[PDB]
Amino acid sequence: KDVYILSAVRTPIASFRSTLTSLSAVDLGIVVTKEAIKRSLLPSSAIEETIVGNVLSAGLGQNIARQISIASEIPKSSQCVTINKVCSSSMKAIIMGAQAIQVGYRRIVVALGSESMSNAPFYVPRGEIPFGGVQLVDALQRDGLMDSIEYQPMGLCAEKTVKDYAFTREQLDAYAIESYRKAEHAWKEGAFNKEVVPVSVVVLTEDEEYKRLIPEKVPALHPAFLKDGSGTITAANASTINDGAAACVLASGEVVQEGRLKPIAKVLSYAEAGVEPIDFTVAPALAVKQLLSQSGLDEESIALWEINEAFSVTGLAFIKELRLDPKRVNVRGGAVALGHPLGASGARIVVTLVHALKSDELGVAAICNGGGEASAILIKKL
């Protein structure tokens, strides 16, 4: 009842209202589910559960996990569930899949995330519209980017963490520009060629966001969330809104043995942490401290880190708190350069981690989410 990763794939990540606009989160979920099954070397008939992270579910139909599963030729007998833990959604999906295996209920599952922020709608409230009209509510704002407890944007919340660490505009901007550099370098060298599956639309084969940097504009931008003169977070050093999906097939040790399989990684452990909503940016290091403690490891044991870059400060805070070598963190770039399709990013950083690790190396992927939580997973590359 050990947990192995058989496959780990992702779409390229597209910009908002760009190349993937005509494809739904269901469509993208089918792309990565089908390809993850193909690369797992198991038939779709062997997949027992489909677990899908998705945040902006409005307008997509009943339980998109079931739509994806059926369209991916997974048996009607297999169980399908869609889950929402904001940015952590598809990391939670992977953790749920691991748990199902750990407890002996399942042998083989597919865990993924998919998000089409391009197709998030606007809301008209139920019940008659009063004299004077009403605001059309943006799903992206209300259900995606605004903290619902503090009733302010996650980027305004993150400014608190900026101040708490005495970070500067200069550091946030340098971090962002370096995320773009690493992403550009990775694409130039073909470093994403093991993990990216092309999406027919005529075909998207490369991430879009990293090409959009206008360097000379970065110091000219005005703070986007805090405008009292002390602001630091801008459109350039915050992640963007994006479309994409990512998937892993998980299988038990028994399946691996019986099938003579060659899994690509092993899930060793996971941890979850929670803090005040406003402080969500520092939850990942808390989850990692728990992860390493329970695993009898320390930071130096870990070859590579993925910390999802909700904002540049997310990366900086993580690196500073855990006293990491920055050169071992997000080595192929992170979401500030690659984009952040909310429901997909949890699985997306696990996919990137798996394929950056060399054999026998340990990696940690960690992600925060609006509301004050974070999830982390420890993996060993085989």
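Don't overthink the numbering: it's just position in the shown sequence, from 1.
Coordinates are absent for 4 to 9 residues of the deposited sequence placed between residue 201 and residue 202.
Higher mean CA temperature factor, per the PDB entry, when comparing 6-14 with 356-364: 356-364.
Look at the C-alpha B-factors of 222-230 and of 239-247. On average they run higher in 222-230. Note on the listed residues 197, 94, 303, 117: the highest Cα temperature factor in the record is that of 303. Per the PDB record, 255 has a higher Cα B-factor than any other of 255, 176, 81, 86.
The deposited CA B-factor of residue 317 belongs to the middle third of values across its chain. Split the chain's modelled residues into thirds by C-alpha temperature factor. Residue 39 is in the lowest one. Residue-level temperature factors show residue 180 in the middle third of its chain, judged at the C-alpha atom. In the PDB entry, residue 296 places in the highest third of its chain by CA B-factor. In the deposited entry, the Cα temperature factor of residue 130 places it in the highest third of its chain's modelled residues.
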